[PDB]
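Remarks on the structure that follows.
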Amino acid sequence: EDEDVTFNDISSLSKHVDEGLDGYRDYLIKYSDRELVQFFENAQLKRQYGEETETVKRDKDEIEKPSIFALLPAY
Amino acid sequence: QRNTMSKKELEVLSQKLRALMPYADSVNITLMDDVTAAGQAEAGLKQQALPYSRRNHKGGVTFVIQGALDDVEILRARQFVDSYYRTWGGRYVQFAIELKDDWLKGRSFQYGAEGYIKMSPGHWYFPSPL
């Protein structure tokens with residue numbers, strides 16, 4: 001709702017919308033199991049970029065804002 | 001080449017050896033050529049088709065035989081070495097025989113002056129000029 005001027009153009013709008021969802025990504029991430037989140041992320045990378053892409057093994061991790069379609073079934 | 005002694009000195013040396021060996025009537029001193037020694041060593045390794053590298057120093061020659069060697073190569077090598085040693089002794093030429101695995105354990109690398117090792121796809125190591 002916030003009425004203050006905030007966006008001007010396509011990149012600023014897409015960033016404004018994306019930024020508005022972090023309040024809920026933080027929730028899903030706080031209760032999802034790290035191992036499952038990692039599995040569903042790697043298995044998407046191997047769909048898009050090809051299975052030869054390096055298997056990440058982010059064993060010590062800051063999971064880089066994972067996609068919500070990957071994050072939701074892990075929760 | 002390596003000795004610069006006069007005949008008198010050689011005679012004195014001879015007499016002292018004769019005093020150390022009370023069972024010997026005399027000691028004959030003969031001068032041998034280093035180039036001959038080194039040549040007979042290298043020709044023997046070629047004659048056995050062994051892989052080797054040669055290194056030269058002020059006072060000795062080292063032949064380094066190393067890598068993955070077949071049983072036949074190991075046998076031939078030890079036979080020849082034992083034969084040569086019995087003739088010249090271990091004082092000027094040395095043979096080093098070492099079994100090695102793959103140099104870098106079976107992984108890809110660049111061997112230029114700016115070489116590096118791929119630990120895994122996506123992982124570079126830059127340890128040293130390879």
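Naming scheme: A, B, ... for chains in displayed order of the structure tokens; residues 1 onward per chain; ligands 1 onward as shown.
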
Using only C-alpha atoms, tabulate the residues of chain B lying at most 10 Å from any atom of chain A, each with its closest atom pair and that distance in Å to one decimal, by chain and increasing residue number, as a Markdown table.
| residue | atom | partner | partner_atom | distance |
| --- | --- | --- | --- | --- |
| B:120 | CA | A:54 | CA | 8.4 |
| B:121 | CA | A:54 | CA | 6.3 |
| B:122 | CA | A:54 | CA | 6.5 |
| B:123 | CA | A:54 | CA | 9.5 |

Okay, now the selection with N, CA and C atoms, as an mmCIF file, in the first residue's frame?
data_model
loop_
_atom_site.group_PDB
_atom_site.id
_atom_site.type_symbol
_atom_site.label_atom_id
_atom_site.label_comp_id
_atom_site.auth_asym_id
_atom_site.auth_seq_id
_atom_site.Cartn_x
_atom_site.Cartn_y
_atom_site.Cartn_z
ATOM 1 N N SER B 120 38.885 -30.143 -9.527
ATOM 2 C CA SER B 120 37.579 -30.589 -9.973
ATOM 3 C C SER B 120 37.082 -29.535 -10.933
ATOM 4 N N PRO B 121 36.115 -29.843 -11.779
ATOM 5 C CA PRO B 121 35.567 -28.763 -12.594
ATOM 6 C C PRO B 121 35.099 -27.657 -11.670
ATOM 7 N N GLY B 122 35.440 -26.428 -12.025
ATOM 8 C CA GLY B 122 35.202 -25.303 -11.152
ATOM 9 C C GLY B 122 36.179 -25.082 -10.015
ATOM 10 N N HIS B 123 37.312 -25.782 -9.952
ATOM 11 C CA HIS B 123 38.255 -25.575 -8.852
ATOM 12 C C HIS B 123 39.689 -25.557 -9.371
#

So that I can see what lies close to range 35-47 of chain A, please list as a PyMOL selection string the residues with an atom at most 12 Å from it, counting only C-alpha atoms and leaving out residues fewer than 2 positions away in the same chain.
chain A and resi 28-33+49-75

How would the residues just picked look written out with N, CA and C atoms as an mmCIF file, in the first residue's frame?
data_model
loop_
_atom_site.group_PDB
_atom_site.id
_atom_site.type_symbol
_atom_site.label_atom_id
_atom_site.label_comp_id
_atom_site.auth_asym_id
_atom_site.auth_seq_id
_atom_site.Cartn_x
_atom_site.Cartn_y
_atom_site.Cartn_z
ATOM 1 N N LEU A 28 10.183 -19.113 5.077
ATOM 2 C CA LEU A 28 10.388 -20.461 4.559
ATOM 3 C C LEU A 28 11.795 -20.956 4.882
ATOM 4 N N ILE A 29 12.804 -20.106 4.687
ATOM 5 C CA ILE A 29 14.186 -20.520 4.910
ATOM 6 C C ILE A 29 14.455 -20.827 6.372
ATOM 7 N N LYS A 30 13.801 -20.129 7.294
ATOM 8 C CA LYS A 30 14.106 -20.346 8.700
ATOM 9 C C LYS A 30 13.653 -21.696 9.219
ATOM 10 N N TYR A 31 12.674 -22.328 8.592
ATOM 11 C CA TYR A 31 12.173 -23.607 9.062
ATOM 12 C C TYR A 31 12.423 -24.764 8.111
ATOM 13 N N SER A 32 12.861 -24.511 6.886
ATOM 14 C CA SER A 32 13.160 -25.610 5.985
ATOM 15 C C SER A 32 14.489 -26.260 6.347
ATOM 16 N N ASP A 33 14.582 -27.561 6.091
ATOM 17 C CA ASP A 33 15.818 -28.294 6.329
ATOM 18 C C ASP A 33 16.867 -27.996 5.267
ATOM 19 N N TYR A 49 21.054 -25.742 -16.623
ATOM 20 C CA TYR A 49 22.366 -25.484 -17.193
ATOM 21 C C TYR A 49 23.101 -26.748 -17.599
ATOM 22 N N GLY A 50 22.580 -27.908 -17.258
ATOM 23 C CA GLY A 50 23.127 -29.183 -17.679
ATOM 24 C C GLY A 50 23.836 -29.884 -16.538
ATOM 25 N N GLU A 51 23.688 -31.205 -16.502
ATOM 26 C CA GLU A 51 24.127 -32.004 -15.363
ATOM 27 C C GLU A 51 25.629 -31.942 -15.160
ATOM 28 N N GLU A 52 26.385 -31.617 -16.202
ATOM 29 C CA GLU A 52 27.818 -31.431 -16.042
ATOM 30 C C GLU A 52 28.174 -30.201 -15.217
ATOM 31 N N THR A 53 27.243 -29.278 -14.992
ATOM 32 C CA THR A 53 27.555 -28.158 -14.116
ATOM 33 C C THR A 53 27.892 -28.653 -12.715
ATOM 34 N N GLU A 54 28.924 -28.050 -12.132
ATOM 35 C CA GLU A 54 29.518 -28.543 -10.894
ATOM 36 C C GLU A 54 28.485 -28.660 -9.779
ATOM 37 N N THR A 55 28.387 -29.853 -9.198
ATOM 38 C CA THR A 55 27.521 -30.073 -8.048
ATOM 39 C C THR A 55 28.037 -29.267 -6.862
ATOM 40 N N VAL A 56 27.189 -28.392 -6.320
ATOM 41 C CA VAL A 56 27.681 -27.262 -5.537
ATOM 42 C C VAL A 56 28.303 -27.730 -4.224
ATOM 43 N N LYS A 57 27.650 -28.653 -3.524
ATOM 44 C CA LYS A 57 28.087 -29.069 -2.189
ATOM 45 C C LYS A 57 28.344 -27.859 -1.295
ATOM 46 N N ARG A 58 27.344 -26.987 -1.185
ATOM 47 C CA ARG A 58 27.440 -25.870 -0.249
ATOM 48 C C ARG A 58 27.211 -26.409 1.159
ATOM 49 N N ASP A 59 28.265 -27.025 1.699
ATOM 50 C CA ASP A 59 28.184 -27.690 2.993
ATOM 51 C C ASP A 59 28.278 -26.685 4.132
ATOM 52 N N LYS A 60 29.051 -25.623 3.931
ATOM 53 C CA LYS A 60 28.991 -24.410 4.728
ATOM 54 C C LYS A 60 28.452 -23.336 3.799
ATOM 55 N N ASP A 61 27.345 -22.717 4.184
ATOM 56 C CA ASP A 61 26.422 -22.180 3.199
ATOM 57 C C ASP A 61 25.828 -20.845 3.609
ATOM 58 N N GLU A 62 25.717 -19.964 2.624
ATOM 59 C CA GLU A 62 24.705 -18.917 2.604
ATOM 60 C C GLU A 62 23.962 -19.152 1.297
ATOM 61 N N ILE A 63 22.785 -19.763 1.408
ATOM 62 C CA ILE A 63 22.017 -20.169 0.240
ATOM 63 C C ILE A 63 21.445 -18.932 -0.437
ATOM 64 N N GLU A 64 21.846 -18.708 -1.685
ATOM 65 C CA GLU A 64 21.816 -17.375 -2.276
ATOM 66 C C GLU A 64 20.405 -17.047 -2.762
ATOM 67 N N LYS A 65 19.532 -16.755 -1.807
ATOM 68 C CA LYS A 65 18.136 -16.450 -2.098
ATOM 69 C C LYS A 65 17.524 -17.439 -3.085
ATOM 70 N N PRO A 66 17.321 -18.685 -2.676
ATOM 71 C CA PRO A 66 16.863 -19.717 -3.609
ATOM 72 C C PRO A 66 15.469 -19.436 -4.141
ATOM 73 N N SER A 67 15.188 -19.984 -5.318
ATOM 74 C CA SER A 67 13.896 -19.768 -5.952
ATOM 75 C C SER A 67 12.779 -20.398 -5.140
ATOM 76 N N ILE A 68 11.640 -19.708 -5.094
ATOM 77 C CA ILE A 68 10.550 -20.118 -4.219
ATOM 78 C C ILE A 68 9.915 -21.424 -4.667
ATOM 79 N N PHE A 69 9.950 -21.728 -5.960
ATOM 80 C CA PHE A 69 9.479 -23.029 -6.422
ATOM 81 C C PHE A 69 10.360 -24.167 -5.946
ATOM 82 N N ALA A 70 11.626 -23.898 -5.689
ATOM 83 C CA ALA A 70 12.512 -24.894 -5.119
ATOM 84 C C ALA A 70 12.409 -24.938 -3.613
ATOM 85 N N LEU A 71 12.159 -23.794 -3.010
ATOM 86 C CA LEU A 71 12.113 -23.657 -1.566
ATOM 87 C C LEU A 71 10.838 -24.219 -0.950
ATOM 88 N N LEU A 72 9.713 -24.116 -1.629
ATOM 89 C CA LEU A 72 8.419 -24.507 -1.074
ATOM 90 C C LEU A 72 8.185 -25.996 -0.790
ATOM 91 N N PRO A 73 8.554 -26.912 -1.686
ATOM 92 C CA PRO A 73 8.427 -28.336 -1.342
ATOM 93 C C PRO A 73 9.378 -28.805 -0.261
ATOM 94 N N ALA A 74 10.515 -28.143 -0.092
ATOM 95 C CA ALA A 74 11.382 -28.476 1.024
ATOM 96 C C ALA A 74 10.724 -28.126 2.342
ATOM 97 N N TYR A 75 10.033 -26.996 2.393
ATOM 98 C CA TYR A 75 9.294 -26.664 3.598
ATOM 99 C C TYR A 75 8.196 -27.678 3.853
#

Residues at most 6 Å from range 82-95 of chain B, counting only C-alpha atoms, excluding those fewer than 2 positions away in the same chain, as a list in words?
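Contacts, in chain order: residues 60, 61, 62, 63, 79 and 80 of chain B.
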
Please extract the residues of chain A with a backbone DSSP assignment of alpha helix (DSSP H) and present them as number ranges by chain.
A: 10-20, 22-31, 34-48, 68-74

Which one of B:29, B:106, B:19, B:37 sits closest to residue 7 in chain B if you count only C-alpha atoms?
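Nearest to residue 7 in chain B: B:29.
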
Measuring atom to atom with only C-alpha atoms, identify which of B:16, B:103, B:59, B:129 is nearest to residue 115 in chain B.
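Of B:16, B:103, B:59, B:129, the one nearest residue 115 in chain B is B:129, counting only C-alpha atoms.
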
Show me, as a PyMOL selection string, the residues that have an atom within 12 Å of residue 105 in chain B when counting only C-alpha atoms, minus same-chain residues fewer than 6 positions from it.
chain B and resi 117-119

Figure out the distance between CA of residue 96 in chain B and CA of residue 41 in chain B, please, to one decimal in Å.
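Interatomic distance here is 13.1 Å.
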
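Proximity ranking of B:2, B:109, B:48, B:13 relative to residue 125 in chain B places B:109 first, based on only C-alpha atoms.
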